[PDB]
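This structure is in structure tokens; I'll ask about it shortly.
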Amino acid sequence: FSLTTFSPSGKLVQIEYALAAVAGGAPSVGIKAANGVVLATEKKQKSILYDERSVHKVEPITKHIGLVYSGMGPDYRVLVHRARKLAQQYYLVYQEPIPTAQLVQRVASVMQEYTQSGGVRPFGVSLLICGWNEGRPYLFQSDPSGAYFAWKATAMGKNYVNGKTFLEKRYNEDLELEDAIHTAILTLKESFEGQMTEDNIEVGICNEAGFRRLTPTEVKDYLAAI
Amino acid sequence: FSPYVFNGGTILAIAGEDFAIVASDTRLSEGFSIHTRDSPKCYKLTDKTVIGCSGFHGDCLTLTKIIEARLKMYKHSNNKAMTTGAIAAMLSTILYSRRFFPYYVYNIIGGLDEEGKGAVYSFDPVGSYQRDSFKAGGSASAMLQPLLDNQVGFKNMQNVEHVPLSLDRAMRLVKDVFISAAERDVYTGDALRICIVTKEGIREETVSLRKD
Amino acid sequence: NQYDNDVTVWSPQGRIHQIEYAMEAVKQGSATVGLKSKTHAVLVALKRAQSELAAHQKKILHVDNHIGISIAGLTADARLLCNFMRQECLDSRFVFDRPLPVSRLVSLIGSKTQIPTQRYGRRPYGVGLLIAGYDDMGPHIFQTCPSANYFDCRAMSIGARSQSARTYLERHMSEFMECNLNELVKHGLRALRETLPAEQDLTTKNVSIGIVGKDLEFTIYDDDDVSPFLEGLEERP
Amino acid sequence: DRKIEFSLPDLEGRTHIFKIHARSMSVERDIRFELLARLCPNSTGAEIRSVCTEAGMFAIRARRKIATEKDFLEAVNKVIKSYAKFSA
Amino acid sequence: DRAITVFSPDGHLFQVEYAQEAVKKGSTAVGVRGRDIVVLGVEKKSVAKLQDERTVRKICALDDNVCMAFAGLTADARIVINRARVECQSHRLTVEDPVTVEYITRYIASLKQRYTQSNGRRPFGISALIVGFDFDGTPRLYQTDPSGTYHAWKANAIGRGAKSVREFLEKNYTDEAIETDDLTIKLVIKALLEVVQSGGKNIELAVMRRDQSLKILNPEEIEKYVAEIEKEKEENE
Amino acid sequence: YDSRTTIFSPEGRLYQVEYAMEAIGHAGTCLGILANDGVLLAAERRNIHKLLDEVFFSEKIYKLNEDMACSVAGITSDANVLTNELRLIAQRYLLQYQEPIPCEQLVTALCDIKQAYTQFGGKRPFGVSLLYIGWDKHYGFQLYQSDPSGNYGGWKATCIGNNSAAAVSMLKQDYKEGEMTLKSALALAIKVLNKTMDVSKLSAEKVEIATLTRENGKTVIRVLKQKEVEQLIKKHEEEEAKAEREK
Amino acid sequence: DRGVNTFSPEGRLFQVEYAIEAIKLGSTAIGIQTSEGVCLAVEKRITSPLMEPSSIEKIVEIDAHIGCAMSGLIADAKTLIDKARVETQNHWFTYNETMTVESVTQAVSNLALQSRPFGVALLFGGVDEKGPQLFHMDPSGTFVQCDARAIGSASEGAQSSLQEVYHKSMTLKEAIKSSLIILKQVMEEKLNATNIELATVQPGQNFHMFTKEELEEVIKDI
Amino acid sequence: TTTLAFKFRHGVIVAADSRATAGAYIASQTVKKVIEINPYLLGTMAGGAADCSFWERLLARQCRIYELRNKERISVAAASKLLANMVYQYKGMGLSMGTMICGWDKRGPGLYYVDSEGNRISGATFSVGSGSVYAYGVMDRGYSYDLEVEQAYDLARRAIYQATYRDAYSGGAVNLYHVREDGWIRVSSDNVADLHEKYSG
Amino acid sequence: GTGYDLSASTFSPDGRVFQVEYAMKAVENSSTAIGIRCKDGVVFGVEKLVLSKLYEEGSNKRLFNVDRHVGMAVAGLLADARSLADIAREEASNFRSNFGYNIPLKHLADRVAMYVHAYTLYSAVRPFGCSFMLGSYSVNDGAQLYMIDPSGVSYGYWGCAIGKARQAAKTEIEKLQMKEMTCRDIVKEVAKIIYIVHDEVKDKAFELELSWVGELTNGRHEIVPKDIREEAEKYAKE
């Protein structure tokens, strides 16, 4: 009624429609490398009237937690604001653990107000979470209704099927260094229609030192020689 | 700051064979100054019930108006007036409903019951009541009560016939006790309002007393 | 018709349909008339009887010494309105020791009944009220419909077949200010008698009278009290 | 024009319907059929014919073709079937 | 049409009716009085080799002098026992005298009526029945319909096959056959035994001997009583 | 015909609840077998996509208390909140009584909350059914199965998965009380899981099993890691080969 | 339509026209208010002999000077009777006197519709300063004073018979016999003491059960 | 104020004084300090007279409601426990009340002393008020479980007389009640002056 | 239509709120009104149908006094109109209590329009079926006049009309030359316009409720003296 609802016999029809909605069209690939995690997405703004440094697709929830998302961006803003508040509350309760990767699983778990209390209309955004304050990296996905999946490499766009196929065929692998961002950009290239540029592609990286949204300078540098 | 102040006043009721006499002073004062020489403590509530309120004047006024409102509500809800015993019980419920911050007032209800006999119900500031043939309330209670029970009740008197009180005799004793109490108790005097309750209705007489 | 289902919804043609249905609640009720004079206000209500064994029910409800009302229609949410008006009048007595003027009380009733006409899940108070009161400006007669749109009236009647009573009052309303108490009560009795079919006639047991005046507080007269007024009926059924 | 109606049998209507129906069968009016007319308030004319049909059915069930003096049996079957019609 | 907790055009309360028909899905439940002992049985026939028979809990105690049995939905029944047990402990806290069977049955009926009221709460599709010795010696049996009501019965006969077992009980409910505790128990048997096969160990009987605790009959003694019933059946050619 | 959750049927059935409980059979697969000196749970890992990392260390098996552990078989959205509430109830009892909560009391509390969810208000029933294994001072090792209807049951060998009928039939055929031990329970669980999973030679990754054992005055809930699971698989394979060839 | 609050298109909201026709499923009950007192007669209509007759009660004493007879859903009548008892006791506690039966009926009518409306009709009867009185309260929060009222499945026939068998100057002795003969005419079985309950109202007596199986002295005359 | 109440084989005897005072001044000497709860229960005033009266009336309506609901008379222990629980929620708010609820029930005569502070205990005999300390001694010396009804009457009258004589806040009239199996009965209302005249000898 | 004009929370396929589009129809159906800003004040005027002579002198008047200097001339569903007038009175009283002095007409109109928009925004509550003019005068701010539709927003009006015949009144209003005519002749002219609007052509006899505010009344919005404005009614008749 006022929660996540509309579940007939053996089905979650409303949830299934939410999952059809989050199919979206923004790939937003994520790769969990040995050194860290790379979350790369596509910012294909309509015309040149819009700006790319004004709004962002990758949001640092806390010191080393970065976030990328899928369709229904306005829902994603509220979701990331809630995630920031929840992480801040956890850090205030358990004071000074520098909680990122011992929190990445926890913050993903506390993404239950995200969907288990849907709010009449469930959220229509699936989000990938990265954290590396445990000596090891973490990549998690929360969907409009489920919970943490603990991915190693995935995509959540219009061509997420072929994007995931490209990720597995290109062998996301385990020995890959932090510079698997090249493979992430290549995976975006498959689900991209145009000459991708520094402002057209937004990517954030989360290594053991922390999380950082790569500026257009480094994005263009990586896009060079591709 | 304190929400209570003693405003004086003396009330008195007597239950006769067929009459109810409710007399009270009208001098309103506190500390050492007198507000007015005309402030009746008697209040008629029905054609057969008159109450007396003495003590904190503001609480007296509030309690009287709450009693009026409750009587009107009961009359609407039952298509009839309220019996003297019933209003006594209702006043008792009201007084204890505010037990932890009580009305610093003394209430004496004088009127006629269903049988047509004089009924006087004295009250405590926190709700206690009992049916009595007569009672006096207020500052002059200590100096007025003994006269009326040793005369009306013939206490400590032998070889005397317990003649029922006539209306005129009861009125004369009321006037005597009030004029005696006015000079001793400074809160008492400047007037006296006497309400006679019978089948014919309520008759009020205002007599003048010591002006000091 | 979809648009007639709920009070909140609005009909495409204009006014909503639930309130229009609410006015049929007062239409489906025993007739009652109420008229003003120079100094008195009189209500004549038809005490509708279920059967000869049972009583003729209760109409002309009592509110205060100077205000009395007559209900017509849905009796369930009518004692509620009577309680509300009694409470407001007693609040006025308690706050400034004066009889609540009838116009302000009627405005309060209209405001109170307006909210259910807009709040979902709340039915309108389908009760017709004929309020008789004596404020400082002489007697007053007010009609309150379930549409929460009250009216002031020299003489108004509500109930089943009340249109005939309305016409009689309108034709005789010119000679209403200059009438004695008995004369005005007889005017009201003739108005109410014209409502029922010719078979029915005014009886002491099936009629109620509510009179409020300058020196006369509101009083509900019935059979023994009605008989002096019922005399000289001039019966033309 | 002239829209008219009835279908509201009172005591006098019900007992007259009893009489005309009792004209058929082998019954006679020595039965206190007025008691059963009072028992069923506004039982139409169809049910009265039904009740009379039941009375004949009870007579043949008892295998007695007599119904003129079979009044107690007449009353018994009519009242029990009135019970069944109201609640079965 | 409409199947919610509102009055239907013909009356009734169809959701309440559906709840009352839901007891049919469940199990039989019989129990009798006798002024010496109250005994009630259920006769469950469903036990797989992998489920523990301890936690079936078809009969449960309330205050070591009151016990109730299931007929209908098990989860609703268990919630009813929990709430009723809490209320018995409350009525033991206040009013220091132990709970009476009529009082707890009244509380259960009141809870069921409360849940039938309003649309939010499902009307507790369970039909309970309560036996037990009161404080003043007399043992009593009450049976509570799911809707709102309780009735003091000599025999309960609630559940699947309720009509046939109740007819059998009312056919030969002989007080001379009640008399002794053993006679009472053997009267409950051969009556509950009549329902379904009842062959090996299907009977699940319960015993409350005056002031003793709730006695659950041992299977070997149950087979002994079945053999005694067979012996009584014999020599009757 | 279905409507708002708090309804009945013309016959008198809770068809929404029945539909949810039947849907529990669809998707997910867990089974619990109780034996002396140890009671274990076996879970079927549904999705074995190579792109996961298996860092949560447990998906079906959940540790809910020091002396108990559960395994859900319904929708994960309700499963997570139900596990959180169950842990909260157990720890609240531990705080109140300063004693581990008996398994039956915990299961009754959880089924009470589920019965409340399916009883009042316009709220969906919790579409999840979960097993519980645990140890207590009164009854020792216990196993319980609770359905979304809120009607739990005290079992000793049961399955709650997709082919739950086939799994419980295989259990009933090859279950022997008393003689059963922890190792024999492991063998039976692996055998029935191989039966209910069509692909023979099940990998250690697609099967997650946890065993609860009673050490010296202390309950140890060990989830069997990959190497131990595949060693059990190898022993089972040897047994199957010997049995098949000896004919 | 179907909404419990929405008015009908013609004149009067539905789902309360449905609640009022719940005495039809209820059992018959008849009360007579005479100058001697008030006679309250009902049928128990026991379905099986095993059920104790004392358990099935349709007449419950609200107080020592008020008796009530229910007709409809006994579950809702329990709540209404409990509220009546609470209101009567509260009034007595507040005013130290016996609450008038009219006031009790008014309070119960106020509580009748304030939740799906109650579907029971009550026949209150008791003594007051205005002689013995009887009131018929109906599920639609409406009460009417009556002298001889009938309610239940066959309220029409019983009321029609009572309309012509009642006279304004009767006593209790005639009232009980009239009510019992009417009851026997309405019901299916006979008026056995185990099936018929009777309640008497007296100015100088509390309202007790009618002699408890020694009331055959009144049914033998029938 | 001074009340006493004791039980024996032939019932329960309740004796109370009829004086209510406000400090030095005596408010009245004809107050019915014994409250007739119902035809089988009685209460007494001690401490705050208004509190005692109001709470005993509330207990009276509560037990009447209980009797009407369950169609059976209330037991003395149940009423005492109910009143004690009712008054316990106001503990520490300053109200004072001492009452000896007594009557006859299914188990026999009962007598429980309920106090505002919280005391609620049974017992053969009790006494509360300013003069209770004087009443206890003369009651104990003259009380036995096998006392005759007239002997119990004389014991209670003499005990209240001595309590009034030795206490400055007690006097006037002595109200004597006898609770029996068929309900309480009012025995006598003897003025203390007449009692002194009789006891002069 | 069909499933989209059922609740105000349901947007139309084209992007419209049909509940308010139907609430405007009630205002269009009810009697008309007119308010003209004279040179030094604002003059109101409303005709009211005496549906039956049983009614007393003009009651349930379409004119209301929401504040000392502010008046409201309303048309449409009159009960909700009176409720909204009470809301406006409460708003003016609250503003006077908080910020002192007298509530500016623009701010009062904006606040009441926001309240009306709040009522038409949700689903459980329904849009108000009334449209009204708020007129006031002060020495500091001159004379202002704001008109609020059942769902729209306040707009500054030199002269406005609402109700049954809006266009017919507005034509002659624009014909009239305001901004230089004193409020006396404006009273005469508003009476003239109302009688130009049809009164008894297809309805009953109409009464003329006219209101005043301006420096000639030093603010203090009051009903014009009807005894001395009966001659203005006579001039309007001619």
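We number each residue from 1, going along the chain as drawn.
Quick reminder: no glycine exception, Cβ is built from N, Cα and C everywhere.
Reproduced below are the annotations present in Swiss-Prot:
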type	residues	note
CARBOHYD	G:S179	O-linked glycosylation site
MOD_RES	G:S8	phosphoserine
MOD_RES	G:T47	phosphothreonine
MOD_RES	G:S48	phosphoserine
MOD_RES	G:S55	phosphoserine
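How buried are the listed features, and what sits near them?
In this structure, G:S179 (O-linked glycosylation site) is part of a helix by DSSP.
Note on G:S8 (phosphoserine): other Cβ atoms within 10 Å of its Cβ, all shown chains, come to 16. In the three-state DSSP classification, G:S8 (phosphoserine) falls within coil.
Packing around G:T47 (phosphothreonine) is summarised by its Cβ count: 10 other Cβ atoms lie within 10 angstroms of its Cβ, all protein chains included. When secondary structure is read from DSSP and collapsed to three states, G:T47 (phosphothreonine) falls in the coil class.
Long-range Cβ proximity for G:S48 (phosphoserine), meaning a same-chain Cβ under 8 A and a gap of 6 or more residues, is found for none.
Other Cβ atoms within 10 Å of the Cβ of G:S55 (phosphoserine) number 18 in total over all chains.
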Far apart in sequence but close in space: which same-chain residues, 6 or more away, have a Cβ under 8 Å from G:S179 (O-linked glycosylation site)?
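Within the chain, G:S179 (O-linked glycosylation site) has Cβ neighbours under 8 Å at G:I30, G:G31, G:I32, G:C39, G:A41, G:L198.
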Filter the recorded positions G:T47, G:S48, G:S55, G:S179: retain a residue only if its CB is under 8 A from a CB of chain C. Output in sequence order; output 'none' if empty.
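Cβ contacts with chain C under 8 Å: none.
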Using Cβ atoms and a cut-off of under 8 Å, determine which of the recorded positions G:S8, G:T47, G:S179 neighbour chain E, and list them by sequence position, or give 'none'.
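Nothing passes the 8 Å Cβ test.
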Could you state the whole-number distance in Å separating the C-alpha atoms of G:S55 (phosphoserine) and G:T47 (phosphothreonine)?
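Distance (Cα to Cα, whole Å): 12 Å.
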